[PDB]
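Novice: I am attaching a structure below and will ask some questions about it afterwards.
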Amino acid sequence: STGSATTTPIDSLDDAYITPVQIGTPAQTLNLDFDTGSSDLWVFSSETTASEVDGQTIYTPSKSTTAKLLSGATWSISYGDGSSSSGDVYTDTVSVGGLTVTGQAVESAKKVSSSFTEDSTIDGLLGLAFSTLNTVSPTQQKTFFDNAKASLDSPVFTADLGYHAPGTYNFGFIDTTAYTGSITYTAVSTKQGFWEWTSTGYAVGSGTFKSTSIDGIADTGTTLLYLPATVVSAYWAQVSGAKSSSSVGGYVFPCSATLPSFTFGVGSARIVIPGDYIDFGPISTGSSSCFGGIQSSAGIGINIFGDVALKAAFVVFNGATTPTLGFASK
């Protein structure tokens, strides 16, 4: 089997992407944030504290004939941005772009943190990291991808995120019309539960390529590109007036600037992030100070190839017995 679904930016900055997901019988369609950096499929629901729901579409298990409470199971997650959610668990039928999993764990939120409430466009998350990170207790649950894997034509999914435009998540096949040149594959470590890999270096604008190993995660659920302070400083030094602002919480730059591109290495191949992808606009409405899309990972504890990086590529998440990541230009 295969699936194919369009993923759409939630706003004009590509802060995140939502993909429609059918849950239950009859289908309840929720727009979920596909997140290769976590492993829980959780939704706003009829059980969510009413004051914590503000415009989201909810899953109502009692209206699904295929929903079954997973007795005794609870979940609770905290994300890298300090947001969180928790609740109980149902199993139900879940379909993405024509690909159906029966008995998928659907984690129903009883509580969500303010950032989730405040984002009306995101009805929940669909985790696509490794199932070892799943938070369901006392019986850990599998991701949608893990459950689908054996039925898929090929045990892969691909992320093709758009810049200020829709893109695609595919399951079970590689669309050879969706990228240019070749896909370069690189090794993955699953030791931390992430799609963790090592970039071979970077360049800033038309500058020479610096060969250096950068260990990081491919994370569709993180907006920006977080890299070591040395790398980030080298980037922003090429933007007149750019500076790190503790009050704002990262590098800002004059909105009048033209940003240089940023290149990252995948083996001997190179992915170029155009400068415009690195512009996240005014820090506040009407400001002439703009927020940068490349930020320091110092104090995160890990480098993160988030949407800024991934949207410059066609990315293969290969879930074969030995997982790998593939990147192509597009």
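Numbering starts at 1 and runs along the chain as displayed.
Yeah, the Cβs are placed from backbone N, Cα and C, and that goes for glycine too.
So Swiss-Prot lists the following for this protein:
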| type | residues | note |
| --- | --- | --- |
| ACT_SITE | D35 | active site |
| ACT_SITE | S199 | active site |
| DISULFID | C255-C290 | disulfide bond |
| DOMAIN | 17-328 | domain 'Peptidase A1' |
Novice: On the three-state reduction of DSSP, what should I expect for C255 (disulfide bond)?
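Specialist: In three-state terms, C255 (disulfide bond) counts as coil.
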Novice: Return only the integer: C-alpha distance in Å from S199 (active site) to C290 (disulfide bond).
Specialist: 27
Novice: Restricting to the chain of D35 (active site) and a gap of 6 or more, list residues whose Cβ falls under 8 Å of its Cβ, or answer none.
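Specialist: Listed in sequence order: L125, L126, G127, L128, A129, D219, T220, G221.
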Novice: Would you identify the secondary structure of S199 (active site) according to DSSP, in three states?
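Specialist: Reduced to three states, the DSSP call for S199 (active site) is strand.
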Novice: Counting across all protein chains shown, how many other Cβ atoms sit within 10 Å of the Cβ of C290 (disulfide bond)?
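Specialist: Result for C290 (disulfide bond): 22 neighbouring Cβ atoms inside 10 Å.
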Novice: Please report the number of other Cβ atoms within 10 Å of the Cβ of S199 (active site).
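Specialist: The Cβ of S199 (active site) has 22 Cβ neighbours within 10 Å.
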Novice: Using DSSP and collapsing to three states, where does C290 (disulfide bond) fall: helix, strand or coil?
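Specialist: Once the DSSP labels are grouped into three classes, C290 (disulfide bond) ends up as strand.
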